[PDB]
Structure formats: C-alpha cells, structure tokens
C-alpha cells in the first residue's frame, strides 16, 4: 500500500541529492505545437467562423452567440446560494485589500538640482482572462485575476471560458467587474484574445492557466508580434512543507494532499529534521488519502512526493531555497523568524493555522504563482503584472547646464557625435541668451 516512503537526506549521495531537487522536464510534442499553430492561424484568418467550426466539432451544441448576455449572467446569479455569494464577497474583499496595498508610492527625485526624474505607472490597457471549464471549474481564479486588473485601472477586462460556462464563473466575473464573457475555450480562446475576432476583442495581455493546448497557445502568441503578452510561463504546481518536531502530522498531511489533488503532476515535498515526524506524516497522508472522494489523482501525484529527513532546520531552508517552491508552508515553532532566510518561493504560509487553502481562497494573497522553478526570477501575480513603469525627466536650464559637459564627455567617448551635438546646440543657445 506504500510506494516507497521516507528519504534520509544525508544518507543520499551527492548525485542523488541533486536529482532529488530537479523537476520533471516537459516533452515539446511537435504534434501539439503544430495543432495549436494551425488553430492560431485559422482563428486569426477566419474569426468567429473559425471558432464556431471548432465548437461544432466538440460541443455537440454549436455555440451561437459568442458573448454571454446580461440576462444569462443574471439567471446564473439567481441560481447560486447566498452562502456561496457571501463567501465570494469575503474573498474578493480580502484580495482587494492586499492588492490595493501594493500600489507603488510616487518616485520623484532631483538626482541633482534641476534634474527631475520620475517613475510613473500606467495600466495595461486591455487584458484577457482565461478560465478552464468543466462541471467544477476553479472559479476562484476569476477573483484572483479580475480583481487586480480592476485595481490597476485596466480599461477593458474580458474573459473566455469553454461553454457552457458554469454559473459560478459568470457570477465571479460580474462580481469583479468583468466587462464581457465569451463562450470559447482552449487554444482557440487564447487565439481569439490575442488576435481579436468579430466578437472577441484583441487584448494586450492574456492571463490564466490551462491544459497543454492552452499553455502551448499562450506560449505561441507571446512569441509573435501580432500576438499578445502573457502573465507567466507554466508548469506543474507544488507545495513544500517545512515541519519541526512540534508540527501536527495531520495538518502537514492535509496541506500535502490539498496540493496533490490538483493534478497528477503536482509535486509535494516535506522537509523535516525529525525522522519521527516524517513517518507520522507519511501515515497521515495514507489515512487521509483513503478518505478522498476521488483520490485517483492525488495518489498519482504522491508517487513523485518526497518526505525528506534532514539534519536540522537550517538544512531545510538551504534545500527549499535551492528548489524554490511555488508554495512554502512553514510549520515550525519559529516560523516567522525563518522568512528572512527564505530567498526563493512564490507564497509563504506561516504556522499551524495558515493552510494553503486559506491562501488559495480568501486570505487576500494571489494564488496565481510561479511554479516549475520560475520563482528563481518570476514573482507572484500581483498588481504590477497589470501595469507598467514609465520614466520621465525634465531638466531646467540650470540642471541641464550643470550636466552638459558630463554628457558631452560620455557621448564623445562612445564616438556618438550626434548625441554630443544635441547637447552642444543647447549650451550655445543658452550662452547666446545669457
């Protein structure tokens, strides 16, 4: 009943320790790349016609109106329970509070007298959100994406999801101010958003995860000048828990299983200085798994899980920093004190009462995070992903005069005489008047 068990880290060889922290590579798949390539070209060339043809071959009932009406949105909202609507409101309120707190303060400084430099921000003008479908869609991603778009001040916010779109997605969209929702999914939805169709607007940037085709479609459109930008590359999700002797096995196990149930390629890792904790967590994981309504997916993910025993907490921190987990959960007595030493992780959870579930749904932090090692250079999705920094400078006659010789010297040293001449012309015009 056990597919392996506990790994004593220091008993491993140097080679094994390095492979233990490596992530499963992606097979390219020339076939998916070509299918998506053809879907993208077809949607750009033939618009809604192309989308309806695709729909006709999948849906059984071919989509007609690509845009979801206000009436369909209101009927969907009426079918939802007050309990669910109230829970979404609490979530959106916390997400809004945290992301609003991310607004950049003004950057306005005179680097030297009369040389005023500023950094200002401007919203990405139009954004497209993609939400995977199905009977039980993860509608919470709508709150995670539409909320910061709204706070950033994006002028157009639209969303695509495979028809028929669940009531929960339609209500979440409405709740967050999403302007238009369209009955399209997969690589065709990514194409419709990146290129525009008669019904779907062309957006500047596309957000949201999806399957291999959606992921490949986002990859492709981000590489074409006639395409659109995307939020961040994709890959298998992950959770790494650091637990000491004072942790509760069932809490640890429940966090590993929350992540394992997401998909068969989820990576879940435990790092602990106590072999006893590792064994107890392994038993808890096995007992809790047995009770999951549909544990087939979690069971698969657990085959890549690693329950590692280390020498101490400092080594747990060294290993986690090398891995750079999407979610880092720290169930140790001194959890907060360890944060200063964490150098790579998407979102961190501290203590016994901060399950990953709390962040996935309502704490206020964003659950769209870098995975598959991308935490090395990418950030948690945040307000900054919906806007861009622009710089501004104004030199007075005095500021310019005081900096002119320095600029001339540098331009002369790079042998860029035109750059130098733009300065000389002004120095002469100023002497001429003074």
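Numbering follows the first chain given and starts at 1.
*asked:* I need to verify one thing: averaged over C-alpha atoms only, is the B-factor higher for 351-359 or for 261-269?
replied: That would be 261-269.
*asked:* On mean Cα temperature factor in this entry, is 153-161 or 234-242 the higher one?
replied: In the deposited entry, the stretch with the higher C-alpha B-factor mean is 234-242.
*Candidate set 134, 148, 123, 201 [ranked by C-alpha B-factor, highest]*: In the PDB entry, the greatest C-alpha B-factor among 134, 148, 123, 201 is found at 134.
*asked:* Per the entry's Cα B factor values, which of 254, 211, 320, 119 stands out as the maximum?
replied: Result of the comparison over 254, 211, 320, 119: 211.
*asked:* Can you tell me whether residue 62 has a C-alpha B-factor in the lowest, middle or highest third compared with the other modelled residues of the same chain?
replied: Ranked within chain, residue 62 CA B lands in the highest tercile.
*With respect to C-alpha B-factor, does residue 370 fall in the lowest, middle or highest third of the chain as deposited?*
Middle third by C-alpha B-factor.
*Rank-wise, by C-alpha B-factor, drop residue 99 into the lowest, middle or highest third of its chain.*
Its C-alpha B-factor, which the entry lists for residue 99, ranks in the lowest third among residues of this chain.
*Can you work out whether the C-alpha temperature factor of residue 402 puts it in the lowest, middle or highest third of the chain?*
Its C-alpha B-factor, which the entry lists for residue 402, ranks in the middle third among residues of this chain.
_Third of chain Cα B-factors occupied by residue 85_ = Its C-alpha B-factor belongs to the middle third of this chain's values.
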